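Okay, so here's the structure we're looking at.
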Amino acid sequence: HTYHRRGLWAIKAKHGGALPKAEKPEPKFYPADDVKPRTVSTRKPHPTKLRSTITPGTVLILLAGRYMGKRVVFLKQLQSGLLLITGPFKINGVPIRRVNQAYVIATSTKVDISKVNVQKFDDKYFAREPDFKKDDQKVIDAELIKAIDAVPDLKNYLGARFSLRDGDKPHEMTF
Amino acid sequence: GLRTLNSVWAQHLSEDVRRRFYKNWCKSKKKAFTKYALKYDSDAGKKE
Amino acid sequence: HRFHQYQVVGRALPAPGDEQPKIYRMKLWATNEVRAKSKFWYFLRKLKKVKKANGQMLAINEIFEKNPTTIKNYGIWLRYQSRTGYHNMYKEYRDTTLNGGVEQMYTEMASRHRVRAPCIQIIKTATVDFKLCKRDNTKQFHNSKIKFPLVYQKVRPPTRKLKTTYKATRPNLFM
Amino acid sequence: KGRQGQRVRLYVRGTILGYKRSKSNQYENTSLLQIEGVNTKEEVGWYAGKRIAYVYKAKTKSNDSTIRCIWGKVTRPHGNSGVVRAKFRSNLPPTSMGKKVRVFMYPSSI
Amino acid sequence: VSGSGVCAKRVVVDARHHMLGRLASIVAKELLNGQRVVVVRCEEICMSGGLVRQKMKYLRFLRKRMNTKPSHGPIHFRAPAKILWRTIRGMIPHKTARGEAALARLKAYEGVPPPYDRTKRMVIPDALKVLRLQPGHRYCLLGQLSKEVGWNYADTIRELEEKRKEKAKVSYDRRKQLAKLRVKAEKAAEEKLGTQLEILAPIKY
Amino acid sequence: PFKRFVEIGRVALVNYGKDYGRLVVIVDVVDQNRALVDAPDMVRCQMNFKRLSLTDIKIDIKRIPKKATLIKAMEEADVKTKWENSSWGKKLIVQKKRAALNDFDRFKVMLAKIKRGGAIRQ
RNA sequence: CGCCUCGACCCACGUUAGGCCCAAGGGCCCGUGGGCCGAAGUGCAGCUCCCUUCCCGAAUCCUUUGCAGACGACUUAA
RNA sequence: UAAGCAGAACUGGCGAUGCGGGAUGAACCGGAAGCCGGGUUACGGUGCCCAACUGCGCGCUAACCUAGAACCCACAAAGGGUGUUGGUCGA
RNA sequence: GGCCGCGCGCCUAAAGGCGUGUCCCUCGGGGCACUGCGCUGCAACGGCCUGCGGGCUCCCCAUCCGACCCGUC
Ligand SMILES: [K+]
Ligand SMILES: [K+]
Ligand SMILES: [K+]
Ligand SMILES: [Mg+2]
Ligand SMILES: [Mg+2]
Ligand SMILES: [Mg+2]
Ligand SMILES: [Mg+2]
Ligand SMILES: [Mg+2]
Ligand SMILES: [Mg+2]
Ligand SMILES: [Mg+2]
Ligand SMILES: [Mg+2]
């Protein structure tokens, strides 16, 4: 509940802000109606907040899509705000993908991914426009299968889909 | 209440009683109980 | 607690006739302070000749149970109005506070005699030693070897989350 | 057991009880829904905002499919015992009361 | 009162020693919500107030009849299952198509006819007499009331029910032998895989 | 011949409350519906018998023991683990345990239960 | 009886002033891609780039009768 | 004698007014109103019909008279009871 | 549930954000402040577009709720 504009300072931004007078900047057709021109908007929409239970290397259950119920490891949160996930593709067959923060559930099981390089993966990599994608996927699992093998039973856990069964109350389950 | 369990008929039925099963006895082929009577001839039929 | 005990102090308005009038105090049982002061001015008008318009309210303080962890025997002398006449009666109760006894008294009068709160006047309240208790059903709980079973169990789930319409077998309860 | 059909279930089964009602008039803008396993007004808050789908079979094919879907969400609790109010894009047909609805977990706060 | 929410194909309720109007109230809500309910052993439903009060209540009901054409008037069913059917109908908007459909999902029987003799029969906790009635107060059984007012199939119901209980008693003896065999099997299989089942120990009941 | 009575020293289990699952000792009886109950971790208060389930444990005390006297009897009469090692007290314990298990542990319980189940059949 | 143009998993009787219990609040499930000891029965890997439902021989009429009848219907015969 | 009778005083109401409750009803209780979305209340209710607890708590009652169960309101009396439960004053 | 009008003329930083001097405040670190001119319709992504697609104020039917026949004294 912090008041950013609590004080009339405005100078911690532009300390050397004592500057001079501003300098203000044929149609070939006239539209017959006074339409205010559309310029690009100068508003910064304050990027989305990551859920505090999702941290790099934590496990996610997918809630919708063609991979509903897939137990998947979380890697990174992209600039657009979509989480970066991998299956990995060897165990459950889920490739590298970006998923919305909704449609996933953050479990309390974690994996260390510190020595894993996820840098070239970003929003531009998923631009709607494959052999090298197979290589990138191939070189990101072998860096992660071993850490999955480090924890007992984590491999068979990641290779199974989550499902609700008789008598299961999602609002009581710990995960 | 009471319910009919099953019924067993005799091998020979006169035509007087077989007329009771027809609205028009003389226009029909008079086939009533003709195949039922065959159980009394074989041995599987007698078993039933 | 539903009922509270208050000590209300007031007097007639200081007038040139007296200028130092007498002080009157009462111990009244009410649900809050506003209802305690109203009942005080009711008794001052009817018992003395000082009503609220000619009087001054000096103090109002709530009385509290000294030891709310022990069990006392509580006698209450009361005046109540029935459908035909007025009668006074003596009642005895067992409680950890005199507040509970007064709530018990009001509930019992409502059930056994169909008498509402307005038609009741608490004449006197006191604590009675177990040697001097008069009513039965108070002495029978003075047994130091008091022993009995629970003849009505009220089989129910604990927190309403475990409630189901159907059950696979009949309950077994014993005492 | 070797069964066929759906392999995973990521929804809980709800039943439509009716409409927001009084003794003398009713309101189609909100439906009353009972979710399996939800027994209190307090644990309804977990499901508040969760998406809901009503699935029924129509008579003609639409996209080479004979099944239609109407989407809604859980809006608030109704009463003390776990029944909830739900708002759908279009009001549910009164013929749908007594039928089944699917309550997902798609908008997740956890 | 809302529905069960259990969303099954059909629930079979063993009506023995339930209070009639409290059982009918819960069943009516289930039917109105879309559940199929099968009620068996309707001859052993209980009504508070003994036989005498319940019998004269029926006799007053038996008095009611259309003066000019009785076969049009109220129909007074004598069997316990039809009596419970009519008690439930009184709690349902049965002149609407919704209540017509609701009442078509209810099946009521005297005794336990097949196939429900081999299925699971549940109970309603808040309709059971043992939780609803003080132990000293009077009550009667539905079959006793029905027998007093014209029902004539109490003997065949009783004879069939004795035969059913004999068969169930034999199936119970067999199930106990298979349970002792099972406990020996889980004991021997406990040591053979003793190491693997360490995680199940703290939740063993 | 009933099995459990309420008297001075009966250990009871609180059902149906915020304090559900806690153990209290009956130290005094108010009337037919209420009893004074005292525990190691709470101040003495009266409770309705409708919210108490009597256990099979009973300790030795007088009517109004001090808190220190109550603690000693609850140790001389070894109540905490007698409650916990009984099947009744155990059921409440593992009910908490099962609900506490998270998704990964529940998947491992499934792996162990399947292994255990196939061994019984063999 | 005769005659043929979305795991839909689960069987004790009986009693609650009694039979370890104190609710199936359980248990089970790779959960992971010939008598019916007749109430008789359905019996014992990607790019699908971030959600779009998870698609599984007689009868009738015309004729006859009169044990029937307002007419139909009914009992007969052909 | 009384009357949903006949006649006056003050105010409100119906007539001229829907809407929620009183099962139903000109007048009773609540409340007065453009077409809507969201939130909350009044009166009245939360076993089913019927939306909302078979909720938490103490007593009383047992009706072999159709026990009893919502202002107006749809009735009951004098008098009785060794039915049962509280009291008061006495031997 | 309904709505979409701070940011840059210094630098670094995906971006949120940080980075100057002055006086005062104490007890570690801030606070109140410099105020000079201008410009000034929030976004991201998806499916579909001649089809068994979308819509509908039109017609018929089903269901739930509501609903007594107008005029008149
Ligand atoms: K046939
Ligand atoms: K009396
Ligand atoms: K006229
Ligand atoms: Mg309701
Ligand atoms: Mg008759
Ligand atoms: Mg007029
Ligand atoms: Mg008029
Ligand atoms: Mg509103
Ligand atoms: Mg109750
Ligand atoms: Mg009325
Ligand atoms: Mg009298």
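Residues are referred to by chain and number: the chain letter is A, B, ... according to the order shown in the structure tokens, the number counts from 1 in that chain, and ligands are numbered separately from 1 in the order shown.
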Residues of chain A within 8 Å of chain G, counting only C-alpha atoms (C1' of nucleotides) - could you list those as a PyMOL selection string? chain A and resi 64-66+82+89+92-95+97-100+126-128+130+156+159-161+165-166
Quiz item: Using only C-alpha atoms (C1' of nucleotides), which chain C residues lie at most 7 Å away from chain H, written as a VMD selection string?
Solution: chain C and resid 89 107 to 108 111 to 112
Export, as an mmCIF file, in the first residue's frame, the selected residues with N, CA and C atoms.
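And here's result.cif as it stands now:
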data_model
loop_
_atom_site.group_PDB
_atom_site.id
_atom_site.type_symbol
_atom_site.label_atom_id
_atom_site.label_comp_id
_atom_site.auth_asym_id
_atom_site.auth_seq_id
_atom_site.Cartn_x
_atom_site.Cartn_y
_atom_site.Cartn_z
ATOM 1 N N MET C 89 -40.931 -15.927 43.604
ATOM 2 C CA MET C 89 -40.443 -17.291 43.713
ATOM 3 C C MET C 89 -38.935 -17.275 43.888
ATOM 4 N N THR C 107 -34.354 -18.323 30.923
ATOM 5 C CA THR C 107 -34.771 -19.421 30.058
ATOM 6 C C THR C 107 -35.777 -20.330 30.752
ATOM 7 N N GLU C 108 -35.562 -20.623 32.035
ATOM 8 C CA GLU C 108 -36.473 -21.509 32.752
ATOM 9 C C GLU C 108 -37.847 -20.875 32.939
ATOM 10 N N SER C 111 -39.822 -21.188 29.826
ATOM 11 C CA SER C 111 -40.273 -22.531 29.486
ATOM 12 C C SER C 111 -41.341 -23.031 30.451
ATOM 13 N N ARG C 112 -41.057 -22.984 31.751
ATOM 14 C CA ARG C 112 -41.961 -23.578 32.727
ATOM 15 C C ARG C 112 -43.195 -22.726 32.988
#
* Find the residues around residue 23 of chain H up to 12 Å (only C-alpha atoms (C1' of nucleotides) counted), leave out those fewer than 3 positions away in its own chain, and share them as a list in words. => residues 23 of chain D; 49 and 70 of chain H
- Query: Got a sec to check which residues lie within 12 Å of ligand 8, using only C-alpha atoms (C1' of nucleotides) and all ligand atoms, and send them as a PyMOL selection string?
  - Reply: (chain D and resi 20+27+29-30) or (chain H and resi 36-41) or (chain I and resi 1)
Practice prompt. Starting from chain C, keep only residues with some atom at most 6 Å from an atom of chain E, counting only C-alpha atoms, and report them as a list in words.
Written response: residues 165, 166, 167 and 168 of chain C
Near-ligand residues for ligand 7, threshold 9 Å, only C-alpha atoms (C1' of nucleotides) and all ligand atoms, as number ranges by chain: H: 15-16, 26
Can you list, as a count of residues only, every protein, DNA or RNA residue that comes within 9 Å of residue 79 of chain A when you count only C-alpha atoms (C1' of nucleotides), leaving out same-chain residues fewer than 4 positions away?
5
Note to self: Could you list the protein, DNA and RNA residues that have any atom within 10 Å of ligand 9, counting only C-alpha atoms (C1' of nucleotides) and all ligand atoms, and write them as an MDAnalysis selection string?
What the structure shows: (chainID E and resid 132) or (chainID H and resid 47 53:55)
- Task: Mind checking which residues fall within 10 Å of segment 11-25 of chain F, counting only C-alpha atoms (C1' of nucleotides), ignoring those fewer than 3 positions away in the same chain, and posting them as a ChimeraX atom specification?
- Result: /C:156-160 /F:6-8,28,35-42,44,47-59,61,70,74,79-80,83,89,92-93
For the selection you just gave me, I'd like the residues written to a file as a CSV table (one decimal), in the first residue's frame, keeping C-alpha atoms.
chain,number,residue,atom,x,y,z
C,156,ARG,CA,-23.1,-36.3,14.2
C,157,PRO,CA,-20.0,-35.4,12.1
C,158,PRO,CA,-17.6,-33.0,13.7
C,159,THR,CA,-17.3,-30.1,11.2
C,160,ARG,CA,-20.1,-30.5,8.5
F,6,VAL,CA,-18.5,-39.5,33.4
F,7,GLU,CA,-16.9,-38.9,36.9
F,8,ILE,CA,-13.9,-37.0,38.3
F,28,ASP,CA,-16.3,-31.4,37.9
F,35,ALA,CA,-19.1,-30.6,33.0
F,36,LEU,CA,-16.0,-28.7,34.1
F,37,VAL,CA,-13.1,-29.9,31.9
F,38,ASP,CA,-9.4,-29.0,32.3
F,39,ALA,CA,-6.5,-29.7,30.0
F,40,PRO,CA,-2.7,-29.1,30.1
F,41,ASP,CA,-3.0,-26.3,27.4
F,42,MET,CA,-6.2,-24.5,28.2
F,44,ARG,CA,-10.7,-24.6,32.9
F,47,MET,CA,-18.5,-27.9,28.3
F,48,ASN,CA,-21.7,-29.6,27.0
F,49,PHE,CA,-21.8,-33.4,27.2
F,50,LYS,CA,-23.2,-33.2,23.7
F,51,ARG,CA,-19.7,-32.2,22.5
F,52,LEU,CA,-17.8,-34.8,24.6
F,53,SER,CA,-17.0,-38.5,23.8
F,54,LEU,CA,-15.7,-40.4,26.8
F,55,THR,CA,-12.7,-42.5,26.3
F,56,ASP,CA,-11.7,-45.7,28.1
F,57,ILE,CA,-9.0,-43.9,30.0
F,58,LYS,CA,-9.5,-42.6,33.6
F,59,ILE,CA,-7.0,-40.9,35.8
F,61,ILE,CA,-7.5,-36.8,40.8
F,70,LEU,CA,-3.4,-32.2,36.8
F,74,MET,CA,-1.7,-37.1,33.2
F,79,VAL,CA,-2.6,-40.9,28.7
F,80,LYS,CA,-1.2,-39.2,25.7
F,83,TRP,CA,-4.7,-42.5,23.5
F,89,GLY,CA,-6.9,-42.3,18.8
F,92,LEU,CA,-7.7,-39.3,14.2
F,93,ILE,CA,-4.0,-39.2,13.8
For chain H, which residues have at least one atom within 8 Å of chain D, if we go by only C-alpha atoms (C1' of nucleotides)? Write them as number ranges by chain, please. H: 50-53
Would you tabulate, counting only C-alpha atoms (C1' of nucleotides), all residues of chain I that have an atom at most 12 Å from an atom of chain E, showing the closest pair of atoms and their distance in Å to one decimal, sorted by chain then ascending number, as a Markdown table?
| residue | atom | partner | partner_atom | distance |
| --- | --- | --- | --- | --- |
| I:62 | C1' | E:97 | CA | 10.8 |
| I:63 | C1' | E:97 | CA | 8.4 |
| I:64 | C1' | E:98 | CA | 8.8 |
| I:65 | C1' | E:96 | CA | 12.0 |
